[PDB]
Amino acid sequence: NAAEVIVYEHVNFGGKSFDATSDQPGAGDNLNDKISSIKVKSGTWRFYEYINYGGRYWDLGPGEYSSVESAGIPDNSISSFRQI
Ligand SMILES: [Mg+2]
Ligand SMILES: [Mg+2]
Ligand code: NI
């Protein structure tokens, strides 16, 4: 199905933003280890600490996560993400 997640460089949806509708083995490339807030628009997404879907991961469905820390995810750590 259609899935969409928006990731942001700074807390409270500030800074550079990327609007993804497909899997991101490099979290784009720009926001690797810079993701600080997230809006999941549709679908369940898995977020990984290392590129190419490696290491610890955390799953999120639709929601506005104004800080990843609040969602139990380490700040500036997400390095890839994909739909699950
Ligand atoms: Mg950041
Ligand atoms: Mg990382
Ligand atoms: Ni900035």
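By convention here, the first residue in the shown sequence is residue 1. Atom set for the values below is all heavy atoms of this structure, side chains included, hydrogens, waters and symmetry mates excluded.
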- Message: Between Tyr53 and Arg46, does the side chain to side chain donor-acceptor pair (under 3.5 Å) criterion hold? Intermediate values first, please.
- Response: CA-CA 9 Å; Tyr53 314 128; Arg46 183 160 285 176; over 6 Å; no
Can you give me the closest heavy-atom contact between [X] and [Y], atom names plus distance?
| X | Y | answer |
| --- | --- | --- |
| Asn76 | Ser36 | OD1-OG, 3.1 Å |
| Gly26 | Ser80 | N-CB, 4.3 Å |
| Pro62 | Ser42 | CG-CA, 4.2 Å |

N/O donor-acceptor pair under 3.5 Å between [X] side chain and [Y] backbone:
| X | Y | answer |
| --- | --- | --- |
| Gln24 | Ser22 | yes |
| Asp23 | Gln83 | yes |
| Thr44 | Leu60 | no |

> What orientation do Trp45 and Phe81 show, parallel under 30°, tilted 30 to 60°, or perpendicular over 60°?
Replying inline: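 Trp45 vs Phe81 ring planes: perpendicular.
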If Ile, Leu, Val, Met, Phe, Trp and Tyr residues are connected whenever their side-chain heavy atoms lie under 4.5 Å apart, and connections chain through other members, are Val5 and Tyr65 in the same group?
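Yes, it is one cluster - the side chains of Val5 and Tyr65 are joined through contacts under 4.5 Å.
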Exercise. Can you get from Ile73 to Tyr8 by hopping between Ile, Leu, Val, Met, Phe, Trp and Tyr side chains that sit under 4.5 Å apart?
Worked result: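 Different hydrophobic clusters.
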Can a donor-acceptor pair be found between the side chains of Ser67 and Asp75 at a distance below 3.5 Å?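 Checked: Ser67/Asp75 side chains show no N/O donor-acceptor pair below 3.5 Å.
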Quiz item: Between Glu64 and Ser66, do the side chains contain an N or O donor and an N or O acceptor separated by less than 3.5 Å?
Solution: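 Looking only at side-chain atoms, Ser66 and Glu64 do not form any donor-acceptor pair under 3.5 Å.
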Chi angles and distances behind the side-chain contact (heavy atoms from CB on, under 4.5 Å) call for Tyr50, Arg56
CA-CA 8 Å; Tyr50 306 137; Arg56 298 175 291 162; over 6 Å; no
ask   = Would you call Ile38 and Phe47 a side-chain contact if the rule is heavy atoms closer than 4.5 Å?
value =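 The answer is yes, as the side chains (C-beta and beyond) meet within the 4.5 Å cut-off.
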Practice item. Please examine the side chains of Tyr48 and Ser77, heavy atoms only from C-beta on, and report whether any two atoms are closer than 4.5 Å. Key: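 Result no, sub-4.5 Å side-chain heavy-atom pair not found.
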Below 3.5 Å, can you tabulate the donor-acceptor pairs from side chains in residues 27-35 to any protein atom, sequence neighbours excluded?
unit_1: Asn32; atom_1: OD1; unit_2: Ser79; atom_2: OG; d: 2.6
unit_1: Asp33; atom_1: OD1; unit_2: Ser79; atom_2: OG; d: 2.9

Quick one: side chains of residues 9-19, donor-acceptor pairs under 3.5 Å with protein atoms, not counting sequence neighbours, listed by atom name and distance.
unit_1: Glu9; atom_1: OE1; unit_2: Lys16; atom_2: N; d: 3.1
unit_1: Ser17; atom_1: OG; unit_2: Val7; atom_2: O; d: 3.4

